[PDB]
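Quick setup: one chain, the form deposited without ligand YMX, written in structure tokens, and binding and motion questions come after.
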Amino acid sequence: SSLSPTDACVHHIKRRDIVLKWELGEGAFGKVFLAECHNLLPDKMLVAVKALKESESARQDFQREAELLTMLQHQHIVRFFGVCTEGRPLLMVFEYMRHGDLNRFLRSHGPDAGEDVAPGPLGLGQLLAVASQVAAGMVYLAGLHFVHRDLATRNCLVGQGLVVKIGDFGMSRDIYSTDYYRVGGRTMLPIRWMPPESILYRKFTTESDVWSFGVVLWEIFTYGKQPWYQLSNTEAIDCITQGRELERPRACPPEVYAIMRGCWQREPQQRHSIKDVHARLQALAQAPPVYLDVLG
């Protein structure tokens, strides 16, 4: 549902092939469970199961989302296995990502906090690895002409081997409620990640995702701090619209902060493409230690 363009295709899983283990999360739209899934890939494997709470308007929303998610298969997008529509509750089956959402992972590996990561805070090399993978997922979505309306580290997942993919199970507005500004009745906007053209003109395009990615880049180098944490929602809105930019994080080298600033050009057309932002981050991520050691 977070995607916006700028039933036979859907894979089905028998309810007996899904064995719920325990709850992983809960939101306003449903629950997430860890489950054992049989004969999904050639004997048994762990999966995250999103259960839809309750309804005919929601059943068609579920069907369209499943169709969209089926089309969306890539190396840096959380894997969607299919649905279970034989009875209630309707289920969506996704791969299980061991380390949870990227915001939680960053926070637990920051100075304020070991199979996949070294002790202490994440090094420059791993922060750039994380950033490059998120950018790679955005390059793919932009390439399919899809806009992600809620790009943030809370909406990315981390798996075994520090593999980072875009995806979430729809509970961010519940788990990370302070990351949203409540408006017109029930609507909640991720204002701190939104560019000036979204706040002012209610426009959200591929260039608006480059801006949101720059905020994601800032979250990474601050180990998951909330952008504009010192400010209330209206003060954050004033900053974004008046052109005040987030400051260079302590752990962020000037070369990386240059990439962030390039994402935050006021005019959408002046922002670099996500393809270029990715290219610059991957070049830094795979750069020899000798080079990276003289950056920061």
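Rigid core here is just the name for the largest C-alpha set that superposes within 1.5 Å across the two forms. Position 1 is the first residue in the sequence shown; the rest follow in order.
Tell whether, across the other compared PDB entries, at least a third have no coordinates for residue 65. No, residue 65 is modelled in every other compared entry.
With neighbours modelled on both sides, does residue 262 go without coordinates in a third or more of the other PDB entries compared? No, residue 262 is modelled in every other compared entry.
How many missing residues of the deposited sequence lie between residue 267 and residue 268 in the entry, grouped as none, 1 to 3, 4 to 9, or 10 or more? Unmodelled stretch: none, continuous chain.
How many missing residues of the deposited sequence lie between residue 113 and residue 114 in the entry, grouped as none, 1 to 3, 4 to 9, or 10 or more? According to the record, 4 to 9 deposited residues lack coordinates from residue 113 to residue 114.
If you average the CA temperature factors as listed in the entry, which stretch comes out higher, 212-220 or 135-143? Averaged over C-alpha atoms, the B-factors run higher in 135-143.
State which stretch shows the higher mean Cα B factor in the entry: 99-107 or 124-132. Taking the mean B-factor of the alpha carbons in each, 124-132 is higher.
Per the PDB entry, maximal CA B factor within 228, 62, 33, 29: Among 228, 62, 33, 29, the highest C-alpha B-factor in the entry belongs to 29.
Of the residues 274, 287, 20, 13, the one carrying the largest Cα B-factor as recorded: If I rank 274, 287, 20, 13 by C-alpha B-factor, first place goes to 287.
When the deposited Cα B-factors of this chain's modelled residues are ordered and cut into thirds, is residue 160 in the lowest, the middle or the highest one? Its C-alpha B-factor belongs to the middle third of this chain's values.
Looking at the temperature factor on the CA atom of residue 46, which third of the chain's modelled residues does it land in? Its C-alpha B-factor, which the entry lists for residue 46, ranks in the middle third among residues of this chain.
Among the chain's modelled residues, which third holds the C-alpha B-factor of residue 76? According to the entry, residue 76 has a C-alpha B-factor in the chain's middle third.
Test of reading the entry: by CA B factor among the chain's modelled residues, which third contains residue 202? Its C-alpha B-factor, which the entry lists for residue 202, ranks in the middle third among residues of this chain.
Third of the chain, ranked by Cα B-factor, where residue 91 sits: Its C-alpha B-factor belongs to the middle third of this chain's values.
Note that the form deposited with ligand YMX bound isn't included here; everything after this is about it.
Take the pose in the deposited bound form, superimpose it on this chain at the site, and classify the pocket for ligand YMX as open or blocked using 3 ligand atoms within 2.4 Å of backbone or C-beta as the minimum for blocked. Here the answer is blocked - the superposed ligand has 3 or more atoms within 2.4 Å of backbone or C-beta atoms.
Using a 4.5 Å heavy atom cut-off, which residue among 157, 106, 210, 131 comes into contact with ligand YMX in the deposited bound form? So the residue touching ligand YMX in the deposited bound form, by this definition, is 157.
Just to be sure I understand the contacts: of 279, 287, 18, 24, which is the one whose heavy atoms reach within 4.5 angstroms of ligand YMX in the deposited bound form? Of 279, 287, 18, 24, the residue with a heavy atom within 4.5 Å of ligand YMX in the deposited bound form is 24.
Should residue 214 be classed as touching ligand YMX in the deposited bound form when contacts are defined as heavy atoms within 4.5 Å? No, residue 214 sits far enough from ligand YMX in the deposited bound form that none of its heavy atoms falls within 4.5 Å.
Give a yes or no for residue 98: in the deposited bound form, does one of its heavy atoms lie within 4.5 Å of a heavy atom belonging to ligand YMX? So residue 98 counts as contacting ligand YMX.
Any non-hydrogen atom of residue 179 within 4.5 angstroms of ligand YMX in the deposited bound form: No, no contact at 4.5 Å.
Examine residue 237 and determine whether its closest non-hydrogen atom to ligand YMX in the deposited bound form is within 4.5 angstroms. Outside the cut-off, so no.
Taking 4.5 angstroms as the heavy atom distance cut-off, pick the stretch from 198-206, 216-224, 120-128, 147-155 that is near ligand YMX in the deposited bound form. Among the candidates, contact is made by 147-155.
If you apply a 4.5 angstroms heavy atom cut-off, which residues in 165-194 are near ligand YMX in the deposited bound form? Counting only heavy atoms within 4.5 Å of ligand YMX in the deposited bound form, the contacting residues of 165-194 are 167, 168.
Displaced residue between the shown form and the other one, judged on C-alpha after the rigid core is fitted, out of 99, 79, 173, 148 (threshold 2 Å or more): The one that shifts is 173.
So with the core overlaid, does the Cα of residue 257 end up 2 Å or more away between the shown form and the other one? Shift of 2 Å or more: no.
By the 2 angstroms cut-off, has the C-alpha of residue 27 moved between the shown form and the other one once the rigid core is superposed? True for residue 27: a C-alpha shift of 2 Å or more.
Any chance the CA of residue 269 moves 2 angstroms or more between the shown form and the other one, core superposed? Stays below the 2 Å threshold, so no.
Flagged pair residue 27/residue 102: C-alpha distance shifts by 3 angstroms or more in the deposited bound form. Which direction, closer or farther? So the answer is closer.
Just say closer or farther for the C-alpha distance from residue 169 to residue 152 in the deposited bound form, relative to the shown form; it changes by 3 Å or more. Residue 169 and residue 152 sit closer together in the deposited bound form.
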